[PDB]
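Just the one chain here, laid out as C-alpha cells, in the form deposited in one PDB entry.
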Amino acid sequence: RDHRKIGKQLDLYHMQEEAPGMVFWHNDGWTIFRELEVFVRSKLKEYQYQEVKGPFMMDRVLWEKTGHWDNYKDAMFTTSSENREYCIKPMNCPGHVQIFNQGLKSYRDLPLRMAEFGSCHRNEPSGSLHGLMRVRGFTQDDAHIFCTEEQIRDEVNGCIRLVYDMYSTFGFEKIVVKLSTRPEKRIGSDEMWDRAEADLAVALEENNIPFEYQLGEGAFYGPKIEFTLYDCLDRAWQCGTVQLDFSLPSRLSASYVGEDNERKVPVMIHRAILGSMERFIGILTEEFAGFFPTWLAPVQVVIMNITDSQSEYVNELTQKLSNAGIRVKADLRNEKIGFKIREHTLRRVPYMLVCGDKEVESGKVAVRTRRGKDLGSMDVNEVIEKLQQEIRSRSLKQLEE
C-alpha cells in the first residue's frame, strides 16, 4: 500500500527533479482528480456554494496586507515584472476577499459561500517532500464563508455535515475531531471568541460528535475545528478544517450594510474537507490498495476480443458503453486473451468484458472482474444498467460484493 509504487503501476502520475514537489498528472490519475472535482462540485451545488477562480499571483503589497509577508515569507515563490514584485498564491483566501469586495454587499447577500479548487504553491524544503502527500504545488478544495455573528453556528453546522457526508462517501466512518481555542494573545475581542468557541462546541455537540479541546492551540486570528479521518490500516490523516478568521476581512477592508444600514465587517470562515486533493488521492490510493471504486476508476471497463473475428463486435460495444457515460477501452491487440486479462487485472480495472464467438452470436458479453469473479454471459443493456447505477451511487463495492 504505497501510493507511489501503485502510482507508477497504474500510470497515474510521475515526478521529476526539474520540478520538485510538482505533479505531472498522467491521463488516468487526472481522470481520478477530475472525478474528485465532479463529486466536490455536486457537493457545492447541494450546499449552495459559489465557485470562482482567483489569479495565480498577486503583487507583494497584497501579501503584506494579509500578513503573509511576515508569517509566510519563506514558503512563498516570488517573481517580478516591470519593477513590481509578485508572490505566487500560497492561499486562495485574499483573492476570494477581493472578489467579495466587488460590488456593494448587504446582510441580504449573507451568508455568501465562495468555493474554488485552489492552485497553491508553497516552497517547501526539498528534504520534506514525499509523493503526493508533501508537495510544492497542490489543489485545495477551499471555501470561504462570509456571514454575520448570528449565522456562524448554522454555517459551521453545514460544514460539519459536509465533512461527514464527503468522508462517508469514500468509506471513512472513523473521525476524530479537535477544537482549538484562544491563545494568550489574539486578534478579536474576548466576546467574539466566546461567541465563536461556544458556536463551534455547541455545533459539534448537536451533531453528536465527541471532540477534544486543544487549549491555546487556536490561531491568533481565530478558533478552529480540525478533522482527522482513519484509514483501513487505522492510520490518522488530518484533512478537514473549519477555521475562523477575524484578521483577514478587516485587513482587506471587507464590509456589508447591516439591517440598521450601518457598516459591518463580515465574519469569515475558512473551510476545507479533503484539504490537498493530490494528498487525498495518495490517501485514497493507499486505502484502496490500487483498487478504486468504479466511479473513481480511471478505466472502468475493458472489452477484449479472442480473435479478429470479434473485433467489429467489440468496437460496437465499446461505442455503446462509451455513449452510456462509462469509461471503457477496447483491447484489439493481437495477443492471447490471458495476456490481456492479466494486464488489465494488474491495472485494477473493475470490469473485464470478453467477447468470443458465443457473445457475437448471442448479443451478450462474458463478464468478469479484477477480483477474479466470473459474472458470466450477461445482456449488454443489463451490464450498462448495473454499471450506471454503480457509478451514480458512487458505490465502494462491485457487482456481487
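Definition used throughout: the rigid core is the maximal C-alpha set that superposes within 1.5 Å between two forms. For every residue, the number given is its place in the sequence shown, counted from 1. Shifts are known only where both forms have a C-alpha.
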Practice problem: Report the stretch with the higher mean CA temperature factor, choosing between 102-110 and 270-278 on the basis of the entry. | Solution: 102-110
Quiz item: Per the PDB record, is the mean Cα temperature factor higher over 142-150 or over 208-216?
Solution: 208-216
Quiz item: In the PDB entry, which of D190, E226, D245, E287 has its C-alpha at the highest B-factor?
Solution: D190
Quiz prompt | Residue, from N92, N305, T79, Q300, that the PDB entry assigns the highest Cα B-factor | solution = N305
Quiz item: Relative to the other modelled residues in the chain, which third contains the C-alpha temperature factor of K340: lowest, middle or highest?
Solution: middle
Quiz item: Which third of the chain holds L132 when residues are ordered by C-alpha B factor: lowest, middle or highest?
Solution: lowest
Quiz item: Against its chain's modelled residues, does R327's Cα B factor rank lowest, middle or highest third?
Solution: middle
Quiz item: So where's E259 on the chain's Cα temperature factor ranking, which third?
Solution: highest
Quiz item: Once the chain's modelled residues are ordered by C-alpha B factor and cut into thirds, is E155 in the lowest, middle or highest one?
Solution: middle
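Not on display, but discussed next: the form deposited in another entry.
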Quiz item: Fit the core first: which of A289, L129, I187, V257 then shifts its CA by 2 Å or more between this form and the one not shown?
Solution: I187
Quiz prompt | Segments of at least three residues whose Cα atoms shift by 2 Å or more between this form and the one not shown, after superposing on the rigid core | solution = 179-224
